[PDB]
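Worksheet: one structure, shown below.
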Number of protein chains: 2
Amino acid sequence: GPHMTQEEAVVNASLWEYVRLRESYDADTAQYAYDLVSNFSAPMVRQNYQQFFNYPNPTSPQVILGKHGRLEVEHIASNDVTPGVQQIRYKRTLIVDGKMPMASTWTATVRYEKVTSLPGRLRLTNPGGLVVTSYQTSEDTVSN
Amino acid sequence: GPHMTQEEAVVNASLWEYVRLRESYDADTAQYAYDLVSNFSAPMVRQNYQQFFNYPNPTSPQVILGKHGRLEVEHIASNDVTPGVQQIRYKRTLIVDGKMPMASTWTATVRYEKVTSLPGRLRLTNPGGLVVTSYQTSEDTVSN
């Protein structure tokens, strides 16, 4: 049967939560998401996420979607590429008012480290001490 | 330095996420939280939760608050009472239109088991294989 170590299970769960929190959007969960995403990103990753999410970015989901739209993420696969890097395929659905849900598929490439210590408030939401030290995402290319 | 095993870290995190998802309410997250809560619970726990949460229960958060209110949950403490039993103290805040945020403190009592095997889709969100087999919560009593 498909065997995994608990440690491997914890990695996969945490990185997917990471992707889900970062790629999803709802005005109600924006502040909760923002905090968790930021807490578990190394300084450059945190900067790049915050720069995109925060006002005054014109293309921030906050500005574009606000209270009248949302982005939903559904897992497809997680693949370990080397130690400390994982690729995550996922489908992203845009749900706005008056329009059909518009969907697209993506691969996040996530590099991560393990820190041995976290404050209690962080350990509680990140039991495995994971920190994302590199992050990029690419949307599938469409032709016709 | 205060030490914990990763197994114990994973427990505390999954049980708190259980509490948070079960005791929080947001119309946008209602379906997401309901499915994770349901999957994490053994048959009677699942049924107690579902009968409370679902329509036509006139006291469901969905019915009472709907789109116009939310319940937020702040961790306070997690205490292991016996193996497979944890008590979790948390503050619960009711946020409605035109009113100040109303807060109260609670103790959840949570018995859980470990299952060895989970479908992939469940392993992804419950790395440690935790299922809640008993669940009760009690709001602090008030006087004056």
Side-chain angles (χ1 to χ4, degrees), chain A residues 17 19-38 52-55 57-75 90-104 125, chain B residues 16-41 45-75 88 90-106 108 125 135 137 139:
Chain A
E17 205 208 335
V19 172
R20 191 197 72 89
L21 287 168
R22 158 157 206 165
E23 299 306 329
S24 267
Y25 174 87
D26 198 309
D28 290 349
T29 75
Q31 194 64 58
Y32 168 89
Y34 181 85
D35 286 348
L36 291 171
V37 177
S38 287
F52 184 84
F53 196 80
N54 291 335
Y55 299 102
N57 183 7
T59 48
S60 171
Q62 300 208 95
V63 187
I64 293 309
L65 295 184
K67 298 219 70 288
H68 52 278
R70 90 152 282 154
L71 297 154
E72 188 211 337
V73 145
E74 323 183 52
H75 187 249
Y90 61 90
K91 157 166 160 257
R92 191 235 242 166
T93 306
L94 170 58
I95 308 136
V96 200
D97 297 321
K99 254 138 289 202
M100 290 264 82
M102 311 147 227
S104 53
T125 53
Chain B
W16 170 246
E17 179 197 355
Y18 188 86
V19 178
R20 183 191 72 91
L21 285 164
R22 174 162 185 171
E23 304 301 338
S24 261
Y25 176 75
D26 186 77
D28 297 344
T29 62
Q31 202 88 72
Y32 165 62
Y34 176 94
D35 303 316
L36 268 204
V37 168
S38 306
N39 288 323
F40 261 98
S41 303
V45 177
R46 195 200 337 274
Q47 289 153 331
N48 182 239
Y49 166 70
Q50 290 184 336
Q51 217 285 325
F52 165 68
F53 205 74
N54 287 323
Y55 312 117
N57 190 38
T59 59
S60 170
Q62 310 202 94
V63 184
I64 284 325
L65 303 167
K67 328 223 64 281
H68 280 233
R70 274 149 77 150
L71 292 160
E72 283 168 30
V73 162
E74 270 160 32
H75 189 248
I88 299 175
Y90 60 97
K91 177 167 164 253
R92 210 249 233 141
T93 311
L94 169 69
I95 302 182
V96 285
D97 292 326
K99 272 162 269 202
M100 299 285 82
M102 289 143 283
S104 55
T105 306
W106 295 71
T125 58
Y135 186 85
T137 183
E139 193 175 353

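By convention in this document, chain letters (A, B, ...) are assigned in the order of the sequence lines, proteins followed by strands, and residues within each chain are numbered from 1.
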*Roughly how far, to the nearest 0.5 Å, is the CG atom of B/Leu21 from the OH atom of B/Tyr32?*
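Those atoms lie 5.5 Å apart.
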
*For the atom pair CZ (B/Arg20) and CD (B/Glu72), what is the distance rounded to the nearest 0.5 Å?*
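B/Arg20 atom CZ to B/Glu72 atom CD measures 10.0 Å (nearest 0.5 Å).
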
Of the non-hydrogen atoms in [X] and [Y], which two are nearest, and what is the gap between them?
X: A/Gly66; Y: A/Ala27; answer: O-CB, 3.4 Å
X: B/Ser60; Y: B/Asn54; answer: CB-O, 4.3 Å
X: B/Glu23; Y: B/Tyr90; answer: CG-OH, 3.4 Å

*Using a strict cut-off of less than 4.0 Å between a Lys/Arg side-chain nitrogen and an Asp/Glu carboxylate oxygen, indicate whether A/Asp28 and B/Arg70 qualify as a salt bridge.*
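Here A/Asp28 pairs with B/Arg70 in a salt bridge, since their nearest N and O are under 4.0 Å apart.
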
Do [X] and [Y] make a side-chain contact, defined as non-hydrogen atoms from C-beta onward lying under 4.5 Å apart?
X: A/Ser24; Y: A/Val73; answer: yes
X: B/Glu17; Y: B/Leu36; answer: yes
X: B/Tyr49; Y: B/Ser38; answer: yes

Which atom pairs, one a donor and one an acceptor, fall under 3.5 Å between side chains of residues 95-105 of chain B and the rest of the protein, sequence neighbours left out?
unit_1	atom_1	unit_2	atom_2	d
B/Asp97	OD2	B/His68	ND1	2.9
B/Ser104	OG	B/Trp106	NE1	3.1
B/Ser104	OG	B/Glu139	OE2	3.4

*Those residues that, when tested against B/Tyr18, pass ring-ring contact (aromatic ring centres under 6.0 Å, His included) (two or more places apart)*: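 Residues passing ring-ring contact (aromatic ring centres under 6.0 Å, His included) with B/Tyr18: B/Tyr135.
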
*Report yes or no: is the cationic atom of B/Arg22 (NZ for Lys, CZ for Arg) closer than 6.0 Å to the six-membered ring centre of B/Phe40, at no more than 45° off its axis?*
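Because its charged atom misses either the 6.0 Å distance or the 45° angle limit, B/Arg22 does not stack over B/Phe40.
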
*Sequence neighbours left out, what passes side-chain hydrogen bond (donor to acceptor under 3.5 Å, both in side chains) with B/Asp35? Give chain and number order.*
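Counting only residues at least two positions away or on another chain, B/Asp35 forms no side-chain hydrogen bond (donor to acceptor under 3.5 Å, both in side chains).
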
*Passing option when B/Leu71 is tested against B/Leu65, B/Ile64, B/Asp26, B/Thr93 for side-chain contact (heavy atoms from CB on, under 4.5 Å)*: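 Testing B/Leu71 for a side-chain contact (heavy atoms from CB on, under 4.5 Å) against B/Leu65, B/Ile64, B/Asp26, B/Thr93 leaves exactly one candidate, B/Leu65.
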
*asked:* Has B/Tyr34 got a side-chain atom pairing as donor or acceptor with B/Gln50's backbone, closer than 3.5 angstrom?
replied: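 Such a contact is absent between B/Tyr34 side chain and B/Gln50 backbone.
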
*Look at the side chain of A/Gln62 and the backbone N and O of A/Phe53, then say whether any donor-acceptor pair between them is shorter than 3.5 Å.*
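Between the backbone of A/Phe53 and the side chain of A/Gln62 there is a qualifying donor-acceptor contact (under 3.5 Å).
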
